[PDB]
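In what follows, a structure is listed as structure tokens, so that the remarks can point back to it.
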Amino acid sequence: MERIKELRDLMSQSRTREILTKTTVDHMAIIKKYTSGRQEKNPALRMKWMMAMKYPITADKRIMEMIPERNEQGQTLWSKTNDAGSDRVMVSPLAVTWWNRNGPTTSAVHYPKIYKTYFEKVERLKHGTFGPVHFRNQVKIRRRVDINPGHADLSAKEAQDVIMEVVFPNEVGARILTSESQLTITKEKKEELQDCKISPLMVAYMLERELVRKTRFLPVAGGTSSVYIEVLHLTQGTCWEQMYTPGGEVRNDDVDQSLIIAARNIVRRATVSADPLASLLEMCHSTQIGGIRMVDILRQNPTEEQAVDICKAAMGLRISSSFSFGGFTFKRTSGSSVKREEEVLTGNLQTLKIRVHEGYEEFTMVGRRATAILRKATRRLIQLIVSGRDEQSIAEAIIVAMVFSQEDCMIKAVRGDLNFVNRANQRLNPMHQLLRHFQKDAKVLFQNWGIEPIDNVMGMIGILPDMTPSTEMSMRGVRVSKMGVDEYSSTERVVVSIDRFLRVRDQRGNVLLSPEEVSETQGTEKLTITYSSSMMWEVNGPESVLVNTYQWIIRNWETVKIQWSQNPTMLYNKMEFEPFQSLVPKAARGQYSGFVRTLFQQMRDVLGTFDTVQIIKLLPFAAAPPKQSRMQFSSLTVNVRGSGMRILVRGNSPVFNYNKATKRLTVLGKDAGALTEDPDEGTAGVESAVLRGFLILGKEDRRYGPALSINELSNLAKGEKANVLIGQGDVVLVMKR
Amino acid sequence: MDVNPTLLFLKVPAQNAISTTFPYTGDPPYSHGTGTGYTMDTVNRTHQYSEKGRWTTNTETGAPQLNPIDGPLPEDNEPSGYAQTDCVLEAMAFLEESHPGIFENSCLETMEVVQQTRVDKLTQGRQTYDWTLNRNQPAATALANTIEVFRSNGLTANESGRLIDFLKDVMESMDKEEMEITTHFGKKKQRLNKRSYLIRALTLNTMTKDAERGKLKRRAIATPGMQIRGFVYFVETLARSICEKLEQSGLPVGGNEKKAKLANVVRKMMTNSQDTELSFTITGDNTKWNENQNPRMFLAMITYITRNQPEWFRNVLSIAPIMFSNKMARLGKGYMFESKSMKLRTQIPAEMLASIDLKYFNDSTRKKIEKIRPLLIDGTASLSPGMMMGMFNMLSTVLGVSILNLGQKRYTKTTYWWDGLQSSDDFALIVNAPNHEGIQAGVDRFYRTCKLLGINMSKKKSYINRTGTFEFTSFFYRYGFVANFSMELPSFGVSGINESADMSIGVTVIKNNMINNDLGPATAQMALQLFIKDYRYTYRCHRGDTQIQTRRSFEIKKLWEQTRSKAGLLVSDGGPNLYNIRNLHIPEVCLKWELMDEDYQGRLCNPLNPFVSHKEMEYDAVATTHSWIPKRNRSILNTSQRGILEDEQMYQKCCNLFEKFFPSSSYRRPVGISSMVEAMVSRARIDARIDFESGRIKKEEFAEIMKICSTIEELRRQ
Amino acid sequence: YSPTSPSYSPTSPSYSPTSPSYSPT
Amino acid sequence: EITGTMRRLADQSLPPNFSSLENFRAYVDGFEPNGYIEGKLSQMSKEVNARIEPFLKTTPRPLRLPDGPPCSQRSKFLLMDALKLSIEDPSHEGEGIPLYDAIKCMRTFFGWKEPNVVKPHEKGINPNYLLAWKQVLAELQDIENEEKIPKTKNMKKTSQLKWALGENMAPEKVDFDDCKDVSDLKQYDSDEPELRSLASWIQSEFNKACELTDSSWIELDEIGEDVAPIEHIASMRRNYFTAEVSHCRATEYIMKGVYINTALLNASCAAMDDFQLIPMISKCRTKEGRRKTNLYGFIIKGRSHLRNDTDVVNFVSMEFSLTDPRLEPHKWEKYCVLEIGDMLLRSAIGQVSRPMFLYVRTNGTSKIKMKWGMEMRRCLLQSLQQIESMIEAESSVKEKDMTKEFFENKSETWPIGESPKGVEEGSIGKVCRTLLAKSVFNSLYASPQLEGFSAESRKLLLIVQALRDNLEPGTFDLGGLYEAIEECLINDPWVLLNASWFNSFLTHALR
RNA sequence: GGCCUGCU
RNA sequence: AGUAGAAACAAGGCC
């Protein structure tokens, strides 16, 4: 209502009426930006020179009544002098800090919602886990990536339209949404903003920031997933590198993409390996992705891919079927077949023996960027339909089908040097060699296949040798189509054998996989590939001495757990913890020892407190002769590369982390044994083996005052509860004994 | 021992330690006075590289003009502006043949853009010379003055809101018998005859260039009027559309994409060559680039690009070179004098250089005036035969890319061949051949062809060396680009916008330099510490614990004492610094959210506070009381343009009221051609109608608002 | 880490010309 | 459409042989390529060529340094000859009132004598400088006698400060209508700078600006607690760097410049009409960790109504020193050295009793020089980024961090400096300090000549490097490059020194 | 002396 | 005098 009253008052005057009437809606932008003050050419100089003056800030007129003229001392906070070309009055930064320390309060509970992207970023960073740092050359290739972690797959204009419809329903204009996905996201947003008190402009800006997708050109090497590119400055260097696992939406898509690329790489490397089976097994057991081990995902996620299936079978777990050909996945759906072990000649007159199959049979081709369905007979193709995306995809599918047909029209087309021996001097599969030869270009296979008539049924399009559709005469048996997906996703995982050279086979005797099918494409992982291999323990690295020590105490846990309780002095003075002690610095051995022994002793004293991780962690430090002391520690240093790696008493670390899900212990990126569940594990929230003379009753409470620190706790006395901030910025309650 | 830093290059290859030879830590040279001594030199030099051209006399502006195109072929290596039209068209035709359909698609995209663009786009520009005050005014102010004068003088087709309509108004203006303006000195009406207004529309304002790195002699930079802005915009749009489709054009992309393109070109050339073929990379540089790109060649290119296109599009694209060919370069501030004996100084406007006696000047400025005087007309000098500064960089880069393409071994018809990457004024050319004389012939062919097209290679800043080591617009390449960190050094200080903006911008700069320019971890940490130190010293926001005494320390200390969780205060309020190498991508206020007190958290980010300016390099920012905006210089008050401030006040009041009526005006620019009052009244009426139909508004309020709207309409109609 | 320049000459100069002692201290 | 005046302009904006725009468009539309370029190439003269002149070990020649009177000091504060009156004080950075600190430091040296001139200005009114120092000392006594110490003190507008700070010097501005027939009316003197030759003092100053002091001139605040291993490695390397750079004297110069420029800017932005008195201060930690505060001298800002970012605020700079000007008189051309006291310092021999001098001079700095002097801390970033690049490049080859042995084992060394025995190697520490000193001097002696020379010499340096890599370089016009380089060396001491270094490098390289 | 400006 | 370098500052406008 007051809008029209203000409009009337404004138009009452002459100049205001003239500007109101003459100017049209289009000129509003020009009138808004109409200003005499030009932009700063050197903002830094002006800012440095302006803060020296009094009143270098401009604030709305409301300051006049919201903030006093002067603070307690008498320093002016605002001046009635007006700005150059506005009603804003001039104030000094004293005004800003006065507002911050005395200004009206408010409930900011909705602030995390409005800026949800930044708080989600902090959430990811807080829950992220680090690993060892590797010094090694980085091939910093430059490519385009996505910088928005949660882009909603919308163009800038489409995103603007969605924002305007969500926040400004009436101003949407002529635009009407079309895609059902847009409508779904619009409804999702509208439901959650049915009542929001913040200004519409802020909501619109937030939706624009968290919907529009952003792309920038960066020198990335490893990653490219929007979550990884966010922290690119922390996991990528000129010579150094680090493994980082963002603590966020471990989306199945990203995990499976990383798994697929890792499978491709491992298979490619195993192909050249002297003993591919053993090397593949050890490397699969000696690598992880995104902080999760390869075996866990492999046994968990079912994902169809030649390399992925190869890894699945290698472990001996349940293995898939539906044989593949030329990188495509074939599923028979009709008929029997028998090989014949026959002999023939080529067009280049080279003689060769092959195995041709019997019977009429239909097949369901599948692939990465194509799809097809085939019907054939003994040595003879019957029909072929294809569903590729691009024209070269259909060409690939067609040449693969022609090779699969084993027709003499293909045999009498082979021309040139096609030697069936590998780099390793291993005779190569004939089929893959033909299929690789016909992938440069299959011109001769096209002019030598044949021609037939067609009924012109369904209005189907004709075939193309070199992009020439022929709607009345065409290749024999071959058809043109474009389906959306193959017949159906197969339903059976089979058993198999493997030769030394990784030639997978089935129960009957047919061939199922081989190192020639591994597509070949060199993709980019989404999650960091923790390809632990050279990354090692030399002949005896910490991954050896240290990592191994923890492994020994894991394996002998059954008698250490009971020797730890009775006669423990004969466990500390043990011949297995001596290589470890050589790494602890000679000055802080006995201090650590007294600390840890007092920990374990008062952990034995009070009942209901037992954590196997603490005992497995702190024993190599109690080996040394005990020197007494009065202080306390948040970590324990061990010298690994003239560098002090700190092992945290309370909680996990990049050097020592026990996963609570898969129960594996992990030292330095190397597995060190599965850890077992003692039934006497006190699940009471109490931790008696973190502080020297103090327990940990639980989480913080605001009654006992602010958070004291580790090095200021001797002030307390008997029975004096208190709060302490320890660990990775975590406050807890403690109690003296 | 005499320490000698330059001796470090005996061991470290020059490329790796190239950051040492960039003195980007001291104040850049600044022009200390009038740019009228460099503008006359530029005019004279432009007329001296084309003197053999064909003189003439423009029949509308009435000023002499030079036409070097199709002039005599150069006979010496000295710079030559005698571009050959046949050769330019051959270059363009071969470029089109090598890239089929480039021009057709570019024209389609530009036709869409020109049919769609609005007049508001001319506001997003830097300083422009407004022809109604003979001064430099921001883009928006100049556009507003121009539209006001057009409406006053009968031109009103720009009210449609499209930019092309405003261009139609601009063209129809030049035919107007006599324009008139109402500038203040209570105001006077000054009437400009046809020729005076025409000369004022074509005029270019020239000011000296400031903060230039890597030159001992100051340059001159010009800013175009407001009539020529739109045509230049459309031509630049077309040139950018064309360049984005060229693999050899590096101009329309950022630094990293330039790196990618250049690396791809080097890999394609050097690697694909067999063992026997040689390679040679020329890290050259063109001399006097602007003083030789004759606008008539741009017109020839624009006519060849727009073949088989609607006549209207062809005309609207061609109008820009036609206006630039007749440009008059306004001299500048004019010299200044002194009297040692009489102890006084005087300032002479640049206008009276044509009439003033030559007994005052030096032995060099006297010659400059004597030589520039014939070209002067009403205080401006004809500058037809060249450009002033850029304003067509995209099209010039198209020409450079064409000449680079002209050696694909399909047009060379010889063993030697070349290619490379072109960025306006800078090129890297990679020659191949079977023997050294082949490389010599290839270089000679490239140089001669460039000379024909009217672009000269600088022979005093170019060297040819075996492929591998080379340089390109300060991106050194030694078997892989090496990051020189001394170019981005000026960005580290506090930018100077405001507190939150400065924090975000500094941390973002550190992160980006860690990503791109290979800034190490330890160096990044030291940069972070130094930035925090500088930021505190500039904003007086010291940690509070310290006993620092400043104008702001008292209540920073008071707030520090008041707070409970002292580890949550913003660095702007005296809190501790919590950044590290792992937090650089998180805005500060979002970083300390867990550690903040409820009271301080509420006071800090309070929408009711009167400091936030409702928003305004992409620095990630969070609205907060520390987002205030700095004051303005207020220097106008003394001058005679005091009345403009009242205009600003009234405009801001009206636009704020409109914002009140239409919520979306702030977010998306408001379109439409209905007067503001009519739109406001219609919105009010419809709002009241819908509220009364189903809502809170009742019959009494509906009647009151309707009668108020009726009287508002009555007041309007008066 | 304490820097140690071989050209240190910590005993070469009888007194630092810039930062002397003058005062009885 | 185009009609009227626009069409009449378009008909005059075509190649010479065309008459109307429509005819030109008809010609272009019907255009088809017919070997015009290849036809004009032969027609063109054969003198237009790009002959490649091979660059060989003998081709380059030493740069031609200018000739003239030796150059003199131009920095805003003495670098090598800078005494410090210190007093142990438990304060950090900005804590304390600068005037009180200055007077306390002054009350430690008891050897004050009656000042007299010992090296006049040769162009000034030196008695004015003597009276200015007298007035400053009297004013310090006055402020000391007062109860409270004002934050800033405004000097009295006497004739001595009035002349020294150049007040009423600017000619009165007048319009040209009446000042037209004046006999001596001319244009402002705009001529090439006077040529000056290279002196021996700048090399010695750069030498002293790379040595390791026994103090700690930079004390940086804390940083966020480290968690990731990269943060720990970075912290170790940063400890190394900040130890190797905090003790350099170039960092003392950095801090002096930052403080002086900050104080001058803040004082000129507030007291735009009074002559302030801004003592120079700098604070450091001794080898035993004890805090100290230092007092180099005093600055007396003049009237400072700065409008453009190039105007000049004159400030007479008074500085202490122990070096007698009658040893390098060609260096102290613009100062007015006085003999104020007689210190009694303790050395390896004990009491020595050298005289003390005051180097008074006028000077000026603009609003842009002050800003870029306040922003002088980027020299540390430049030098440390270079050192980090070198260390990482070496450590990439050997799969382990190399910083520790680089800084401690005195491992692989770089060629830095030039002694009579030849080129002298230097450890990574000295390389870091030398690069930092080079950056600091670039900031202190900034000028257009430096920019031009740096660019035109980087070109030749890259050519020489290409030669040294057996890449078979080649130049189209080397003489032009040399002439462009030699045009920048005019009178700037730093530019002359850099040219001398480049000549030495060319001598040692290619041989 | 008073007012006004410190990129106009 | 001084800064500074191809032209300026070393205060400017008005009543």
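Quick note on naming: the chains in the structure tokens go A, B, ... in the order shown, residues restart at 1 in each chain, and ligands are numbered from 1 in order of appearance.
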
>> Give me, as an NGL selection string, all polymer residues having an atom no more than 9 Å from residue 283 in chain D, counting only C-alpha atoms (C1' of nucleotides) and skipping those fewer than 2 positions away in the same chain.
In response: :D and (86 or 91-93 or 216-218 or 255 or 281 or 285 or 291-294)

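For range 339-346 of chain B, the residues within 12 Å (counting only C-alpha atoms (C1' of nucleotides), excluding itself and residues fewer than 3 positions away along the chain) are residues 334, 335, 336, 349 and 360 of chain B; 168, 169, 170, 171, 172, 173, 174, 175, 176, 177, 178, 179, 180, 181, 182, 183, 184, 185, 186, 187, 188 and 189 of chain D; 8 of chain F.
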
Give me, as a PDB file with N, CA and C atoms (P, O5', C5', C4', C3', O3' and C1' of nucleotides), in the first residue's frame, all polymer residues having an atom no more than 12 Å from residue 11 in chain F, counting only C-alpha atoms (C1' of nucleotides) and skipping those fewer than 2 positions away in the same chain.
ATOM      1  N   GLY D 166      61.014  23.401   0.529  1.00  0.00           N
ATOM      2  CA  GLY D 166      60.556  24.004  -0.703  1.00  0.00           C
ATOM      3  C   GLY D 166      59.131  24.500  -0.622  1.00  0.00           C
ATOM      4  N   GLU D 167      58.900  25.526   0.185  1.00  0.00           N
ATOM      5  CA  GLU D 167      57.584  26.123   0.333  1.00  0.00           C
ATOM      6  C   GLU D 167      57.534  27.447  -0.416  1.00  0.00           C
ATOM      7  N   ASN D 168      56.402  27.711  -1.069  1.00  0.00           N
ATOM      8  CA  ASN D 168      56.235  28.917  -1.872  1.00  0.00           C
ATOM      9  C   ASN D 168      57.148  28.879  -3.091  1.00  0.00           C
ATOM     10  N   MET D 169      57.717  27.706  -3.384  1.00  0.00           N
ATOM     11  CA  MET D 169      58.633  27.590  -4.512  1.00  0.00           C
ATOM     12  C   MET D 169      57.891  27.518  -5.841  1.00  0.00           C
ATOM     13  N   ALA D 170      56.710  26.916  -5.860  1.00  0.00           N
ATOM     14  CA  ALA D 170      56.003  26.705  -7.120  1.00  0.00           C
ATOM     15  C   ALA D 170      55.604  28.040  -7.737  1.00  0.00           C
ATOM     16  N   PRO D 171      55.861  28.260  -9.026  1.00  0.00           N
ATOM     17  CA  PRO D 171      55.393  29.498  -9.655  1.00  0.00           C
ATOM     18  C   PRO D 171      53.875  29.596  -9.610  1.00  0.00           C
ATOM     19  N   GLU D 172      53.378  30.823  -9.493  1.00  0.00           N
ATOM     20  CA  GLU D 172      51.940  31.038  -9.409  1.00  0.00           C
ATOM     21  C   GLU D 172      51.276  30.741 -10.745  1.00  0.00           C
ATOM     22  N   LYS D 173      50.163  30.016 -10.699  1.00  0.00           N
ATOM     23  CA  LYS D 173      49.455  29.648 -11.916  1.00  0.00           C
ATOM     24  C   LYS D 173      48.688  30.845 -12.472  1.00  0.00           C
ATOM     25  N   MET D 272      48.014  17.621   6.240  1.00  0.00           N
ATOM     26  CA  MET D 272      48.356  18.107   4.910  1.00  0.00           C
ATOM     27  C   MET D 272      48.842  19.546   4.904  1.00  0.00           C
ATOM     28  N   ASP D 273      48.978  20.189   6.060  1.00  0.00           N
ATOM     29  CA  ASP D 273      49.388  21.584   6.091  1.00  0.00           C
ATOM     30  C   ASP D 273      50.398  21.916   7.176  1.00  0.00           C
ATOM     31  N   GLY D 302      56.922  17.791   4.654  1.00  0.00           N
ATOM     32  CA  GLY D 302      56.490  19.129   4.308  1.00  0.00           C
ATOM     33  C   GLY D 302      55.016  19.176   3.974  1.00  0.00           C
ATOM     34  N   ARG D 303      54.576  20.330   3.477  1.00  0.00           N
ATOM     35  CA  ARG D 303      53.203  20.437   3.004  1.00  0.00           C
ATOM     36  C   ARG D 303      52.959  19.375   1.945  1.00  0.00           C
ATOM     37  N   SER D 304      51.865  18.639   2.085  1.00  0.00           N
ATOM     38  CA  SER D 304      51.645  17.420   1.321  1.00  0.00           C
ATOM     39  C   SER D 304      50.244  17.388   0.739  1.00  0.00           C
ATOM     40  N   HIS D 305      49.854  18.453   0.051  1.00  0.00           N
ATOM     41  CA  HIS D 305      48.570  18.477  -0.649  1.00  0.00           C
ATOM     42  C   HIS D 305      48.729  17.708  -1.954  1.00  0.00           C
ATOM     43  N   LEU D 306      48.620  16.385  -1.868  1.00  0.00           N
ATOM     44  CA  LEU D 306      48.786  15.503  -3.014  1.00  0.00           C
ATOM     45  C   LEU D 306      47.443  15.300  -3.694  1.00  0.00           C
ATOM     46  N   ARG D 307      47.395  15.560  -5.000  1.00  0.00           N
ATOM     47  CA  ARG D 307      46.174  15.410  -5.776  1.00  0.00           C
ATOM     48  C   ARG D 307      46.292  14.291  -6.802  1.00  0.00           C
ATOM     49  N   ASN D 308      47.224  14.392  -7.741  1.00  0.00           N
ATOM     50  CA  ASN D 308      47.476  13.289  -8.650  1.00  0.00           C
ATOM     51  C   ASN D 308      48.368  12.264  -7.968  1.00  0.00           C
ATOM     52  N   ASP D 311      52.290  13.543  -7.532  1.00  0.00           N
ATOM     53  CA  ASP D 311      52.738  14.786  -6.926  1.00  0.00           C
ATOM     54  C   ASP D 311      53.872  14.494  -5.963  1.00  0.00           C
ATOM     55  N   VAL D 312      54.505  15.533  -5.431  1.00  0.00           N
ATOM     56  CA  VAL D 312      55.707  15.388  -4.624  1.00  0.00           C
ATOM     57  C   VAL D 312      55.454  15.997  -3.256  1.00  0.00           C
ATOM     58  N   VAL D 313      55.794  15.250  -2.210  1.00  0.00           N
ATOM     59  CA  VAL D 313      55.816  15.752  -0.842  1.00  0.00           C
ATOM     60  C   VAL D 313      57.267  15.777  -0.395  1.00  0.00           C
TER      61      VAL D 313
ATOM     62  P     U E   5      34.943  19.073   0.908  1.00  0.00           P
ATOM     63  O5'   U E   5      35.976  18.998  -0.297  1.00  0.00           O
ATOM     64  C5'   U E   5      35.577  18.537  -1.579  1.00  0.00           C
ATOM     65  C4'   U E   5      36.776  18.173  -2.414  1.00  0.00           C
ATOM     66  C3'   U E   5      37.855  17.385  -1.689  1.00  0.00           C
ATOM     67  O3'   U E   5      37.595  15.994  -1.719  1.00  0.00           O
ATOM     68  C1'   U E   5      38.830  19.217  -2.833  1.00  0.00           C
ATOM     69  P     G E   6      38.467  14.979  -0.836  1.00  0.00           P
ATOM     70  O5'   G E   6      39.870  14.945  -1.582  1.00  0.00           O
ATOM     71  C5'   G E   6      40.012  14.277  -2.828  1.00  0.00           C
ATOM     72  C4'   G E   6      41.459  14.018  -3.156  1.00  0.00           C
ATOM     73  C3'   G E   6      42.151  13.022  -2.234  1.00  0.00           C
ATOM     74  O3'   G E   6      43.087  12.258  -2.985  1.00  0.00           O
ATOM     75  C1'   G E   6      43.265  15.100  -2.122  1.00  0.00           C
TER      76        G E   6
ATOM     77  P     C F   9      52.715  21.341 -12.703  1.00  0.00           P
ATOM     78  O5'   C F   9      53.139  20.638 -11.341  1.00  0.00           O
ATOM     79  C5'   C F   9      52.291  19.683 -10.721  1.00  0.00           C
ATOM     80  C4'   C F   9      52.943  19.071  -9.507  1.00  0.00           C
ATOM     81  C3'   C F   9      53.365  20.044  -8.419  1.00  0.00           C
ATOM     82  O3'   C F   9      52.301  20.413  -7.561  1.00  0.00           O
ATOM     83  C1'   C F   9      55.141  18.565  -8.878  1.00  0.00           C
ATOM     84  P     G F  13      44.069  28.672  -9.138  1.00  0.00           P
ATOM     85  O5'   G F  13      42.608  28.080  -8.902  1.00  0.00           O
ATOM     86  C5'   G F  13      41.841  27.569  -9.982  1.00  0.00           C
ATOM     87  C4'   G F  13      40.385  27.434  -9.608  1.00  0.00           C
ATOM     88  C3'   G F  13      39.709  28.707  -9.118  1.00  0.00           C
ATOM     89  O3'   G F  13      39.261  29.538 -10.175  1.00  0.00           O
ATOM     90  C1'   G F  13      39.244  26.954  -7.612  1.00  0.00           C
TER      91        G F  13
END

Could you make a table, as CSV, of the residues of chain A that have an atom within 10 Å of an atom of chain D, each with its nearest atom pair and distance in Å to one decimal, counting only C-alpha atoms, in chain and number order?
residue,atom,partner,partner_atom,distance
A:42,CA,D:368,CA,9.9
A:44,CA,D:371,CA,8.5
A:45,CA,D:371,CA,6.2
A:46,CA,D:371,CA,9.5
A:48,CA,D:371,CA,7.6
A:49,CA,D:269,CA,7.1
A:50,CA,D:269,CA,8.3
A:51,CA,D:266,CA,8.9
A:52,CA,D:266,CA,5.7
A:53,CA,D:270,CA,6.5
A:54,CA,D:270,CA,8.8
A:129,CA,D:228,CA,8.8
A:130,CA,D:228,CA,6.3
A:131,CA,D:229,CA,7.6
A:132,CA,D:229,CA,6.9
A:133,CA,D:229,CA,6.5
A:134,CA,D:399,CA,8.0
A:135,CA,D:399,CA,5.4
A:136,CA,D:396,CA,5.7
A:137,CA,D:396,CA,5.9
A:138,CA,D:396,CA,9.2
A:234,CA,D:230,CA,7.8
A:235,CA,D:230,CA,8.7
A:237,CA,D:392,CA,9.3
A:238,CA,D:392,CA,7.1
A:239,CA,D:396,CA,5.0
A:240,CA,D:396,CA,7.7
A:241,CA,D:230,CA,8.6
A:242,CA,D:230,CA,7.7
A:244,CA,D:228,CA,9.5
A:641,CA,D:400,CA,7.8
A:642,CA,D:404,CA,8.6
A:643,CA,D:233,CA,8.1
A:644,CA,D:232,CA,8.9
A:645,CA,D:229,CA,8.4
A:646,CA,D:229,CA,9.6
A:653,CA,D:227,CA,9.4
A:654,CA,D:228,CA,8.1
A:655,CA,D:229,CA,9.8
A:728,CA,D:227,CA,8.4

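Excluding residue 14 in chain C itself and same-chain residues fewer than 4 positions from it, the residues having an atom within 10 Å of it are residues 10 of chain C; 346, 347, 348, 349, 350 and 352 of chain D, counting only C-alpha atoms (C1' of nucleotides).
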
Give me a file of those residues, with N, CA, C and O atoms, as a PDB file, in the first residue's frame.
ATOM      1  N   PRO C  10      83.065 -13.647  11.285  1.00  0.00           N
ATOM      2  CA  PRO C  10      82.472 -13.133  12.526  1.00  0.00           C
ATOM      3  C   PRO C  10      83.495 -12.449  13.421  1.00  0.00           C
ATOM      4  O   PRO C  10      83.133 -11.717  14.347  1.00  0.00           O
TER       5      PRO C  10
ATOM      6  N   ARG D 346      82.987  -0.124  21.350  1.00  0.00           N
ATOM      7  CA  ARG D 346      83.874  -1.192  21.795  1.00  0.00           C
ATOM      8  C   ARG D 346      84.047  -2.205  20.672  1.00  0.00           C
ATOM      9  O   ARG D 346      83.063  -2.650  20.072  1.00  0.00           O
ATOM     10  N   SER D 347      85.299  -2.559  20.388  1.00  0.00           N
ATOM     11  CA  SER D 347      85.650  -3.451  19.292  1.00  0.00           C
ATOM     12  C   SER D 347      86.487  -4.602  19.831  1.00  0.00           C
ATOM     13  O   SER D 347      86.604  -4.798  21.045  1.00  0.00           O
ATOM     14  N   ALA D 348      87.069  -5.379  18.916  1.00  0.00           N
ATOM     15  CA  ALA D 348      88.033  -6.397  19.319  1.00  0.00           C
ATOM     16  C   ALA D 348      89.241  -5.782  20.007  1.00  0.00           C
ATOM     17  O   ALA D 348      89.951  -6.483  20.738  1.00  0.00           O
ATOM     18  N   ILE D 349      89.493  -4.492  19.785  1.00  0.00           N
ATOM     19  CA  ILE D 349      90.562  -3.785  20.480  1.00  0.00           C
ATOM     20  C   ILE D 349      90.049  -3.005  21.686  1.00  0.00           C
ATOM     21  O   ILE D 349      90.856  -2.620  22.545  1.00  0.00           O
ATOM     22  N   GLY D 350      88.745  -2.763  21.777  1.00  0.00           N
ATOM     23  CA  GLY D 350      88.188  -1.977  22.860  1.00  0.00           C
ATOM     24  C   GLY D 350      87.704  -0.621  22.394  1.00  0.00           C
ATOM     25  O   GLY D 350      87.081  -0.505  21.336  1.00  0.00           O
ATOM     26  N   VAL D 352      87.594   2.860  20.651  1.00  0.00           N
ATOM     27  CA  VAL D 352      88.178   3.329  19.396  1.00  0.00           C
ATOM     28  C   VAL D 352      87.879   4.814  19.215  1.00  0.00           C
ATOM     29  O   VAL D 352      88.721   5.572  18.724  1.00  0.00           O
TER      30      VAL D 352
END

> Mind listing as an NGL selection string which residues of chain F are within 12 Å of chain B, counting only C-alpha atoms (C1' of nucleotides)?
Replying inline: :F and (3-9 or 12-14)

Go ahead and save the picked residues with C-alpha atoms (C1' of nucleotides), as a PDB file, in the first residue's frame.
ATOM      1  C1'   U F   3      61.618  14.748  -6.677  1.00  0.00           C
ATOM      2  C1'   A F   4      61.613  13.615 -11.871  1.00  0.00           C
ATOM      3  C1'   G F   5      62.405  12.684 -17.070  1.00  0.00           C
ATOM      4  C1'   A F   6      60.754  13.965 -23.156  1.00  0.00           C
ATOM      5  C1'   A F   7      56.520  16.873 -18.738  1.00  0.00           C
ATOM      6  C1'   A F   8      55.213  17.696 -14.557  1.00  0.00           C
ATOM      7  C1'   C F   9      55.141  18.565  -8.878  1.00  0.00           C
ATOM      8  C1'   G F  12      44.554  24.593  -6.882  1.00  0.00           C
ATOM      9  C1'   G F  13      39.244  26.954  -7.612  1.00  0.00           C
ATOM     10  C1'   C F  14      35.683  30.581  -5.759  1.00  0.00           C
TER      11        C F  14
END

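Non-sequential neighbours of residue 469 in chain D (distance at most 10 Å, separation of 6 or more positions within a chain, only C-alpha atoms (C1' of nucleotides)) are residues 13, 466 and 469 of chain B.
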
Writer output for current selection, C-alpha atoms, as a CSV table (one decimal), in the first residue's frame:
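result_21.csv was written with the following content:
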chain,number,residue,atom,x,y,z
B,13,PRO,CA,69.0,-22.4,-17.6
B,466,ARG,CA,66.2,-24.7,-33.2
B,469,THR,CA,63.4,-23.2,-26.3
